[PDB]
Visitor: 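First the structure, then my questions, so here it is.
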Amino acid sequence: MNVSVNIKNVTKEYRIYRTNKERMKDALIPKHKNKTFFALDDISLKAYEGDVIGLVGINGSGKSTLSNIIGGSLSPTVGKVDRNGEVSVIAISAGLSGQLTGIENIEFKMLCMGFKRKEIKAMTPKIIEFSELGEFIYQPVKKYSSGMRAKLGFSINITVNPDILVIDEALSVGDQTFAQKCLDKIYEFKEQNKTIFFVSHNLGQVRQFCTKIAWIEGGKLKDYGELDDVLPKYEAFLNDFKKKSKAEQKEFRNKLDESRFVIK
Amino acid sequence: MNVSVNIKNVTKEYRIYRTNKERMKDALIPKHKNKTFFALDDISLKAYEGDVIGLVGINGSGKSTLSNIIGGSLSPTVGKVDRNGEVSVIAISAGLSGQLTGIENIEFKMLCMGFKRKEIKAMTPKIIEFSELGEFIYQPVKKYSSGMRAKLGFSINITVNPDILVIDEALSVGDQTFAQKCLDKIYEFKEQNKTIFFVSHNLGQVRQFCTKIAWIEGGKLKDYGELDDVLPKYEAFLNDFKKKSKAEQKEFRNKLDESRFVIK
Amino acid sequence: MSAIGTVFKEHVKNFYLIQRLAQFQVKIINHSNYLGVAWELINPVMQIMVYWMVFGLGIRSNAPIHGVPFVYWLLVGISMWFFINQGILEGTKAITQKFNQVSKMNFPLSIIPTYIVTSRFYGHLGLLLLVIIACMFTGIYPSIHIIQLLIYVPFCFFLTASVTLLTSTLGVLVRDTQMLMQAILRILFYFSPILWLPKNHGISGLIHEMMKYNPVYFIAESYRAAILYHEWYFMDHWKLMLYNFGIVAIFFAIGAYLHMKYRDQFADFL
Amino acid sequence: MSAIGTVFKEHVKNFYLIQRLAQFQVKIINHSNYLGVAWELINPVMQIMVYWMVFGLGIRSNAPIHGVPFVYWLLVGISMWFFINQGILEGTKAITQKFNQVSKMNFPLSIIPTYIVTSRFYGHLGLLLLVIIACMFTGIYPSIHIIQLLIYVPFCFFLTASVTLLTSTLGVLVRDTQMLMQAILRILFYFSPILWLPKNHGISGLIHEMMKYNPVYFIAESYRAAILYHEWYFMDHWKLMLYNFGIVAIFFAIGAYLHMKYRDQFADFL
Ligand SMILES: CCCCCCCCCCC(CCCCCCCCCC)(CO[C@@H]1O[C@H](CO)[C@@H](O[C@H]2O[C@H](CO)[C@@H](O)[C@H](O)[C@H]2O)[C@H](O)[C@H]1O)CO[C@@H]1O[C@H](CO)[C@@H](O[C@H]2O[C@H](CO)[C@@H](O)[C@H](O)[C@H]2O)[C@H](O)[C@H]1O
Ligand SMILES: CCCCCCCCCCC(CCCCCCCCCC)(CO[C@@H]1O[C@H](CO)[C@@H](O[C@H]2O[C@H](CO)[C@@H](O)[C@H](O)[C@H]2O)[C@H](O)[C@H]1O)CO[C@@H]1O[C@H](CO)[C@@H](O[C@H]2O[C@H](CO)[C@@H](O)[C@H](O)[C@H]2O)[C@H](O)[C@H]1O
Ligand SMILES: CCCCCCCCCCC(CCCCCCCCCC)(CO[C@@H]1O[C@H](CO)[C@@H](O[C@H]2O[C@H](CO)[C@@H](O)[C@H](O)[C@H]2O)[C@H](O)[C@H]1O)CO[C@@H]1O[C@H](CO)[C@@H](O[C@H]2O[C@H](CO)[C@@H](O)[C@H](O)[C@H]2O)[C@H](O)[C@H]1O
Ligand SMILES: Nc1ncnc2c1ncn2[C@@H]1O[C@H](COP(=O)(O)OP(=O)(O)OP(O)(O)=S)[C@@H](O)[C@H]1O
Ligand SMILES: Nc1ncnc2c1ncn2[C@@H]1O[C@H](COP(=O)(O)OP(=O)(O)OP(O)(O)=S)[C@@H](O)[C@H]1O
Ligand SMILES: [Mg+2]
Ligand SMILES: [Mg+2]
């Protein structure tokens, strides 16, 4: 009943250049007209506490732009985001250095997330136990496999305790023997009534995890509502798209991209 | 009936150090004894023409090491790989530069794969048409979304014509509307009777794509044979692993890692 | 005025964070070396040997300066240079290559060039300790005048940090700014008292008078007076110290305002 | 002997590939600049102004050398330096940051430091053209002696490429080697005829005689004789040219052997 995230009329615009001469004229002339791309265009949705919201849409729709705007990394060109509570983003690799050993990466990434010295010293061993790396935790991260690096990054990233959580493209990580622990940890995050924003193309995890769907189409919020109301319509759009010809799909893509570009 | 890839007794060993003092003693002393890790241990399998071989196993098994040894990037410590034919690896991002525009990346990546000037000028437009990037093909790659970068990298990477193909972790790329074209292109690669090595954890794509399974467990070839013979046993191992306790799983991991480490 | 208090408070509750991230950066840039983090000591010493072979033997034939042999005179003067040059060079681009790894975390963004500077300040402190120990081997022993280093070494750190705080924000807004620093640092190097004194060579009314506006002139002269000459440097050069403090305050003020104005938009310029 | 033929053949069937990858590298390192790829021209010119302010006005008060004013004398001498320094610095680490992007492709691995060197050779050619045009504005016009540049500029490119081919392989095997290059290049810079001539200043029997073993001395002197002095440089300095050709051949031979021995194992050292 209490609003945790309030997005009001958020627009993200990017100036589009082909040469350095165009970039320099836009910088130096106060009323220069240039091509502008709308990554987002007047997004208005409000999130309550305990809402698990899935961000669906085709490639280049603007869901990572909206997720970065919610997470605070990116500023809106226009509009405001009001967040009641702390925001954490689960991105496994942002603090991981190949040069540092796995034990060193846990402290460096944890320091960069804002944990204190006593907290890092307290919860390093269960991060080591969760990662299941064994003897390679004293080895440099550039010597890891991709699944080992993903497991270590997820084990560091899962220890946050925010009010608003943002997850991008991965509920789970690793092989089949490791994914269930990740699902249990994410479901434990869901169990303590936190606002979770999920950005993925895996519609099975979206259906089994989320409670609300925000459909983004061409920089705009196409639909927002309950999962059983909005997700069948996105699935119907997805099956309707494959039954068109190549000319019809190109016409749809061109009509989508026509409104997103403007000279101003 | 003709052997395309012949792997005979391939072993990959890595020296393991904790301090710089140990690394310096190993470098400077002719008979220094040190901890050695077996990434691979006496691998012997031979591939015929038209074989589609799936490399399965848990994280850190050594399947990327075997795939890089087959692809020529990594040298065996012991043993020999004999390849009849050219080898190409589908890794989408290896030549992609954020600073370069998508049109510039296609030429730079294609030059680095070894294509000639007339070939690059000939097949640039169908790469642009396959990528479906639209107006963003003249924009820098650092301004792309992750799906757009993946689509461009796949569109450049799919144009090779080898005798032996190595695919790592991705048959498809992009959203649901783009994955079917990737599946059609990979199946077209399968249709011209090429030896394909597939490394993935997605067992559905492995079952629907591969004809032979190479199971790697702890740096060793656990089983090699037909898909219907070997893949149910790997699936049985996978379901047997989740029904153990945490102590039993730790004991299995420790027993696996005990044989892989040796002082020599 | 709120920008000054904001940057100051983000620097004072994150002192341990700055030190630990600087130690991690030192370990990161020296990871594949066989000698490890000793190269932060070895490479300035080799450059010192090159500069003494050129500017000591080739120019003045290793003649003493002010009753001190030239090797120790140059050794005290060049000790802070490598830190200043490396900190200004690396921390101008610090937000350019370090913003994206801390963008999604709640991080104090103004301390990134400060820990990049502190990663070179560690090697500066080690080199200064070796320089004092090497000066002990001739007959120049630490007197009571060496406690001025407790003022002068933090001043060198704060000058480098303020210049770096301004130039990191300017580098994100205009990348061309990082290209300017190569010529700017050579201007700061050669127009200084570190390799020569233009009193026994040429014109003092123009070359030596304009060298006073360089902060490097004060830092090299102050270390030499603290370590070699055994004099209180602030009795005769208090106006120069006040000018240098004003330069540091102006750099900190302009850098703190620019960072607070563009910090939300950094993803846009990157 | 097979290593020489292998590296030579990989360089001669990939000439267009080297040129196009060098152009792409030039566009990559100058992408976020407002001025674009003009900084490869602008930054050496600013450094030239700094070096003329210091070593021309401060040292010799802009006195002419050999009937030529000092600005054009320094301008012809320092033209190849920035290319040599930048190519040796960047291409020592070229396989360290460029092997992984071409490891899974069938690529000629010996041309990676060569295109890294050629990316600086483009700016060297532009700077040399501007230097000749600037020398036209005084009264020094191109005579028949300027066709020696067709020998001397490729010699500078081949020296940089051979040294870079050796030092790139050594940098992958020992990372410490890249740390050595900072002192080595300052030795090559200051012990040369680019900023000064030790004939009217100090000792010629030791300083000037040992400067002949530097390849930089031949390259600066040869460009000056081709451009400024209007003389055939190989009539009086053929032994120095033979010594420099032997140095280039020795560097190419040792670099080509080491690269062929470790190229399969590069993933191990990286
Ligand atoms: C050798 C090379 C030579 C060429 C160099 C030319 C470069 C000049 C660049 C100018 C620059 C650098 C600061 C200058 C240096 C610091 C000065 C002190 C230095 C002393 C040592 C200053 O731009 C500043 O931008 C501020 C914006 O808040 C603005 O504030 C006030 O402005 C108005 C009232 O004037 C008032 O309306 C506003 O509300 C105020 O807030 C400042 O007045 C303005 O100076 C940055 O330009 C900025 O770039 C931004 C992102 O690309 C861009 O925003 C984006 O918006 C969309 C995305 O979100 C999207 O559409 C575009 O991506 C882009 O539009 C800004 O529009 C642009 O301006
Ligand atoms: C300031 C810092 C000071 C400290 C610096 C100390 C650094 C010294 C390092 C020594 C070094 C650099 C070359 C030296 C520079 C070039 C010289 C010329 C320079 C002139 C300008 C030369 O090592 C060379 O290795 C060759 C290996 O083929 C070897 O060849 C012959 O050797 C035998 C007959 O002698 C004969 O048995 C062999 O068959 C021959 O082929 C050469 O004789 C040997 O010199 C490299 O060390 C190598 O590193 C390799 C990968 O880490 C390592 O292989 C790995 O194998 C497994 C993985 O696959 C795994 O187990 C390990 O990962 C590692 O074991 C090698 O074992 C090691 O040796
Ligand atoms: C890779 C290493 C190689 C190095 C390359 C070689 C280059 C070296 C340059 C040398 C230099 C640079 C000064 C440094 C400036 C620093 C500030 C710059 C700052 C700008 C940011 C140092 O020369 C110095 O300057 C004075 C010049 O003599 C001299 O001063 C004295 O003057 C008082 C009388 O006037 C005297 O009574 C008193 O004792 C001092 O006060 C100093 O003692 C002398 O050391 C310039 O001096 C040049 O060199 C010679 C010096 O001898 C000189 O030649 C000749 O001099 C005598 C006939 O005239 C003859 O007897 C010499 O035999 C012969 O040599 C040149 O004509 C001169 O132009
Ligand atoms: N800095 C930028 N400048 C210009 N366009 C940008 C920039 N960053 C992103 N875009 C464009 O913004 C659009 C949407 O961005 P994203 O949010 O990353 O896409 P997306 O909806 O997440 O789609 P995905 O990641 O492939 S599922 C795309 O067309 C991008 O090319
Ligand atoms: N340079 C290296 N030095 C030491 N160990 C290494 C090195 N490269 C890889 N390894 C180890 O070799 C083992 C197997 O490597 P990989 O082939 O990448 O693993 P993997 O079988 O592909 O498992 P994945 O990628 O998580 S499904 C792992 O334990 C790695 O840590
Ligand atoms: Mg892998
Ligand atoms: Mg995305």
Side-chain angles (χ1 to χ4, degrees), chain A residues 11-17 20 23-28 30 32 34-40 55-69 74-78 144-150 168-169 175 199-201 216-219 256-257 260-261 264, chain B residues 55 57 59-68 98 102 133-136 139-151 168-169 173-176 178 199-201, chain C residues 166-167 169-177 179-180 251 254-255 257-258 261-262 264-270, chain D residues 33-36 38-39 42:
Chain A
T11 280
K12 182 82 215 185
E13 317 184 22
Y14 291 111
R15 300 276 243 190
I16 293 297
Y17 310 116
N20 249 316
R23 191 172 92 133
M24 195 98 70
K25 267 122 51 103
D26 203 271
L28 288 195
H32 181 76
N34 204 268
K35 185 116 88 192
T36 315
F37 175 70
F38 280 110
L40 289 180
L55 261 57
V56 301
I58 63 160
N59 289 154
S61 292
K63 61 193 89 97
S64 295
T65 302
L66 187 60
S67 93
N68 292 335
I69 274 164
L74 187 77
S75 208
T77 291
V78 202
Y144 285 17
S145 95
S146 319
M148 290 162 69
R149 223 180 333 264
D168 221 311
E169 297 275 349
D175 62 35
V199 174
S200 108
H201 291 278
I216 316 292
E217 171 144 297
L256 220 57
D257 252 358
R260 265 177 123 166
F261 281 93
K264 36 171 302 178
Chain B
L55 261 57
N59 289 154
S61 292
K63 61 193 89 97
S64 295
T65 302
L66 187 60
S67 93
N68 292 335
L133 292 175
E135 196 138 359
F136 268 91
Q139 283 307 296
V141 154
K142 59 157 154 99
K143 294 171 178 348
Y144 285 17
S145 95
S146 319
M148 290 162 69
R149 223 180 333 264
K151 282 188 306 170
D168 221 311
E169 297 275 349
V173 108
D175 62 35
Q176 281 93 342
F178 201 78
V199 174
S200 108
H201 291 278
Chain C
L166 176 61
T167 51
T169 293
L170 281 187
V172 170
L173 303 170
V174 185
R175 208 82 7 107
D176 313 54
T177 276
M179 293 303 300
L180 229 62
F251 260 107
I254 300 182
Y257 168 87
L258 272 195
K261 180 171 209 251
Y262 295 110
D264 300 2
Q265 303 110 252
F266 275 167
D268 307 355
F269 291 102
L270 275 204
Chain D
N33 295 335
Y34 275 94
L35 305 177
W39 266 108
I42 291 166

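Residue numbering restarts at 1 for every chain, and letters A, B, ... go by the order of the sequence lines. Whatever order the structure lists ligands and atoms in, that order sets their numbers, starting from 1.
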Visitor: Of the protein's non-hydrogen atoms, which lies at the shortest distance from atom 11 (C) of ligand 4, and what is that distance?
Guide: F37(A) CE2, 3.7 Å

Visitor: In the protein, which heavy atom is nearest to atom 24 (P) of ligand 4, and how far is it?
Guide: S145(B) OG, 3.5 Å

Visitor: Given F37(A), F269(C), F38(A), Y14(A), which one has a non-hydrogen atom that is nearest to atom 50 (C) of ligand 1?
Guide: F269(C)

Visitor: Compute the minimum heavy-atom distance from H201(A) to ligand 4 and say whether it is under 4.0 Å.
Guide: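 Within the 4.0 Å threshold, so yes.
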
Visitor: Among all protein non-hydrogen atoms, which one is nearest to atom 23 (O) of ligand 4, and what is the separation to 0.1 Å?
Guide: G60(A) N, 2.8 Å

Visitor: In ligand 1, which numbered atoms sit nearer than 4.0 Å to a non-hydrogen atom of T77(A)?
Guide: 57 (C), 58 (C), 59 (O)

Visitor: Which of the atoms in ligand 1, numbered in the order shown and given with their element, are less than 4.0 Å from a heavy-atom of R15(A)?
Guide: 61 (O), 62 (C), 63 (O)

Visitor: Compute the shortest N/O to N/O distance between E169(A) and ligand 4 and return yes if it is under 3.5 Å, no if not.
Guide: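 It does not: no N or O of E169(A) is found under 3.5 Å from an N or O of ligand 4.
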
Visitor: In terms of residue, atom name and distance, what is the protein heavy atom nearest to atom 28 (C) of ligand 4?
Guide: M148(B) SD, 3.8 Å

Visitor: Of the listed options (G62(A), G174(B), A39(A), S64(A)), which comes nearest to atom 21 (O) of ligand 4 when hydrogens are ignored and any heavy atom counts?
Guide: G62(A)

Visitor: At less than 2.8 Å, would any N/O/S atom of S145(A), backbone or side chain, sit next to the Mg ion (ligand 6)?
Guide: no

Visitor: Considering heavy atoms of the protein only, find what lies nearest to atom 1 (N) of ligand 4 and give residue, atom and distance to 0.1 Å.
Guide: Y14(A) CE2, 3.6 Å

Visitor: Do me a favour and list the nearest non-hydrogen protein atom to atom 7 (C) of ligand 4 with residue, atom name and distance?
Guide: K143(B) O, 3.4 Å

Visitor: With respect to atom 15 (O) of ligand 4, which of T65(A), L40(A), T36(A), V56(A) exhibits the smallest heavy-atom separation?
Guide: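 Looking at heavy atoms only, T65(A) sits closest to atom 15 (O) of ligand 4.
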
